[PDB]
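So this first bit is one chain, no partners, the form solved without its partner chain, shown in structure tokens.
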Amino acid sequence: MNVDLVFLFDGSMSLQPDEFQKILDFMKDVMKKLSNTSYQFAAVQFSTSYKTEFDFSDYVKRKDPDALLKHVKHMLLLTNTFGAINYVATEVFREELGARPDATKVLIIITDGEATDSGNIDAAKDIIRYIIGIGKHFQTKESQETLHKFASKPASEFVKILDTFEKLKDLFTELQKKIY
């Protein structure tokens, strides 16, 4: 499983303390589970601006999820998802940062609300994109469909809607079952 995976997580002011922590814990749990594989990880927090919490080359050093995300500061601003995706496509998937030319590129977007910006995201066309929409903001079909534009096709497979943050645990279990 030679995959270069980037977690692009929402750090807007809409996330309460425990909700942000559950997002961080989900990323850590996934990384820990896939530590003995060819997976390589990078994580970017997005709100109004974007910040690479750790790059692929950082992950490779000791593969310590707890340590890699210990200094994360909850941004608590807006939700500029479109710009965040372009940021990942142009500033994170770079060989200079540890990305592997022959690895399959995957982007996991985790958010709890609609984007506060707009923009072309063709820069991420060679990236497999999943989006995890969490919470009441996505309780209606209409709101859920706004996430389709960020994900790969078909949305039925790349868009994951979770009613609560506790469901991240359920999602993780569901994902693990697929690789046997």
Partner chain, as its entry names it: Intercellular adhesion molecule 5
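Residue numbers count along the first chain shown, from 1.
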Which is higher on mean Cα B factor in this entry, 148 to 156 or 126 to 134? 148 to 156
Higher average CA B factor in the deposited record is what I'm after, so tell me if that's 25 to 33 or 58 to 66. 58 to 66
Among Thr111, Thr52, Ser143, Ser49, where is the Cα temperature factor highest, going by the PDB entry? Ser143
Based on the deposited C-alpha B factors for this chain, I'd like to know if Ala103 is in the lowest, middle or highest third. middle
Against its chain's modelled residues, does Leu175's Cα B factor rank lowest, middle or highest third? middle
Ranked by Cα temperature factor within the chain, is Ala89 in the lowest third, the middle third or the highest third? middle
Modelled-residue ranking by C-alpha temperature factor, third containing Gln139: highest
Pull the Cα B-factor of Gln45 out of the PDB entry and bin it into the chain's lowest, middle or highest third. lowest
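Quick note: we don't show the form solved in complex with its partner chain, though the next part is all about it.
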Give a yes or no on whether each residue among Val6, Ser57 and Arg94 has a heavy atom within 4.5 Å of its partner chain in the deposited complex. no
Contact label in the deposited complex: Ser118 to its partner chain, heavy atom within 4.5 Å: yes
Quick check on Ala103: any heavy atom within 4.5 Å of its partner chain in the deposited complex? no
Heavy atom of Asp163 within 4.5 Å of its partner chain in the deposited complex: no
is_contact(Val159, its partner chain) in the deposited complex, heavy atom dist at most 4.5 Å: no
Using a 4.5 Å cut-off on heavy atoms, what residues in 66 to 88 are near its partner chain in the deposited complex? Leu76, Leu77, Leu78, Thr79
